[PDB]
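Protein chains get the first letters and strands the later ones, always in sequence-line order, with residue 1 at the start of each. The analysis underlying the following values was restricted to heavy atoms, covering all of them including side chains, and did not include hydrogens, waters or symmetry mates.
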Amino acid sequence: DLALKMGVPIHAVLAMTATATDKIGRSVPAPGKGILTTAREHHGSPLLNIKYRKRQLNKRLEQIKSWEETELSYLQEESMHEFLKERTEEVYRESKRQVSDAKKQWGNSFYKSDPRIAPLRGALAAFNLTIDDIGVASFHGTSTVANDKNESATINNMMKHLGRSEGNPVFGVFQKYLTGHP
Amino acid sequence: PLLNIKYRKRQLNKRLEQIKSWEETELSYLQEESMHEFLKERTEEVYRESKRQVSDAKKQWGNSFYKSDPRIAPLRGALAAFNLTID
Amino acid sequence: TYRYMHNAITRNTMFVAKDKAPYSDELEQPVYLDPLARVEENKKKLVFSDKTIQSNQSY
């Protein structure tokens, strides 16, 4: 919203970001599969469908506008001009917040409460993107024997658990080949 | 009134009644929609969704009621979330 | 907590290093990828078991 308001160039959308630790060990520099949790989901779903979420939000918004009308009617019963101005500002801000929370639940945070929807899968599905739409994987790619093995393993296993189509590998960018490793 | 908890409480009360109406409507629709497995999964979904609507309502009206009220400060509203004044 | 605090203050076992993770290397990744995976008691230790990972009971 702010980027649109100021008219800055929106270079991309940070759909997901997460951090993780591996396990018991005695090797600090050793990488591990801890970030595999970003693709965790239960398999043992209309929430993944956006038309369902959209109609949910639609009638939630109509409930919100009914609430706004009721609140304004009550304020009519309740420096009369200053009081009315302040309370109308409050009703508008509160209806806007109810709308924003509805949009957050049904378009942004619909998957935070669904084990069947992984963080990565739901972050993509917030924009109607399936796992197959992840085309490029910017790998850490440190040219280290353990790192490039473990990292490829976790990316492959997370892509496989997320139900990625067979024959649809993510392209691997290994920018450290050129830029070195800071 | 946003600093008053009785107002926020009644707001949340009728929001919860709207949520239970929504839950009943969703279950009725699921009735129209491995039938046992499908019903189990979709009932779990409806319960989780109603629970999240309740949680978001409680978050808006008891936890984050002050996040977008300029007249309520972060400190003042963090205290008022528990009916505590600055004093 | 009272039991543990006193046992360990006197036996100097306040910190007990975990030799092993609650999941084995074989079950590590299914545990990572199952949000409903939770440890259970086995051999007097809280560990992950294959039965409790991706289980319909948890969901």
Side-chain angles (χ1 to χ4, degrees), chain A residues 1-43 45 47-50 53 104 107-112 114-165 167-182, chain C residues 21 23 25-35 37 54:
Chain A
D1 248 350
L2 184 64
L4 299 160
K5 219 256 180 301
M6 329 177 33
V8 299
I10 289 155
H11 281 100
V13 191
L14 269 149
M16 197 225 75
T17 325
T19 54
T21 40
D22 311 332
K23 59 172 181 218
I24 297 321
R26 303 289 183 281
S27 204
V28 187
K33 306 285 200 286
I35 203 67
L36 190 62
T37 55
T38 78
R40 81 208 154 229
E41 48 198 331
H42 210 85
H43 296 125
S45 185
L47 205 63
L48 266 158
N49 175 230
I50 275 191
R53 271 146 53 197
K104 203 208 314 311
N108 312 57
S109 322
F110 69 96
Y111 65 96
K112 280 46 163 72
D114 215 337
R116 284 177 317 171
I117 309 173
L120 213 160
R121 157 162 283 150
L124 295 167
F127 303 97
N128 212 87
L129 294 175
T130 50
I131 188 61
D132 288 330
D133 290 299
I134 280 279
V136 181
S138 201
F139 288 101
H140 200 229
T142 48
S143 176
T144 294
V145 202
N147 184 278
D148 294 341
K149 171 64 178 296
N150 171 84
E151 169 165 33
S152 300
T154 168
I155 284 291
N156 170 72
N157 218 293
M158 92 175 37
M159 270 325 92
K160 160 156 30 53
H161 190 81
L162 286 155
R164 183 167 200 113
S165 293
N168 183 32
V170 302
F171 316 141
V173 170
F174 291 84
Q175 191 202 70
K176 307 212 171 30
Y177 90 89
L178 184 67
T179 62
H181 179 50
Chain C
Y23 40 82
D25 306 69
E26 294 73 67
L27 276 189
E28 152 171 352
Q29 290 164 22
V31 164
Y32 286 2
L33 294 162
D34 183 18
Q54 294 290 343

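Donor-acceptor pairing under 3.5 Å is recorded for the side chains of A/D133 and A/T130.
If you take CG on A/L2 and CE on A/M6, they are separated by 5.5 Å, rounding to the nearest 0.5 Å. How far CG of A/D22 is from OH of C/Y32: 5.5 Å, rounded to the nearest 0.5 Å. Taking CG from A/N168 and CD1 from A/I131, the interatomic distance works out to 9.0 Å, rounded to the nearest 0.5 Å. Annotation: the span from A/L120 atom CG to A/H161 atom NE2 amounts to 11.5 Å, rounded to 0.5 Å. If you take NE2 on A/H140 and CD on A/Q175, they are separated by 11.0 Å, rounding to the nearest 0.5 Å. A/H42 contributes atom NE2, which lies 5.0 Å from atom CG of C/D34 (distance to the nearest 0.5 angstrom).
Tested against C/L33 for a side chain to side chain contact (heavy atoms under 4.5 Å, CB included), the candidates A/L162, A/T38, A/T37, A/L36 yield a single pass: A/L36.
Smallest separation of non-hydrogen atoms from A/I35 and A/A18: CD1-O, 3.6 Å. Nearest heavy-atom pair across A/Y111 and A/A118 is CD1-O, 3.8 Å. The heavy-atom pair separating C/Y23 from A/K23 by the smallest distance is OH-CB, 3.2 Å. Listed here is the closest heavy atom pair of A/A39 and A/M158: CB-CB, 3.6 Å. For the pair A/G141 and A/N147, the tightest heavy-atom approach, listed with the atom from each and the gap, is N-OD1, 3.9 Å. In plain terms, the two heavy atoms of A/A15 and A/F127 that are nearest each other are CB-CE1, 4.0 Å.
A salt bridge between A/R121 and A/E41 is present, with a side-chain N of the basic residue lying under 4.0 Å from a carboxylate O of the acidic one.
Proximity of A/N157 to A/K33: side-chain heavy atoms (C-beta onward) are nowhere separated by under 4.5 Å. Looking at A/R164 and A/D132, their side chains come closer than 4.5 Å, going by heavy atoms from C-beta outward. Inter-residue side-chain proximity for A/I134 and A/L129 is flagged as unmet; no heavy-atom pair is nearer than 4.5 Å.
With hydrogens and angles disregarded, a donor-acceptor distance shorter than 3.5 Å links the side chain of C/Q54 to the backbone of A/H43.
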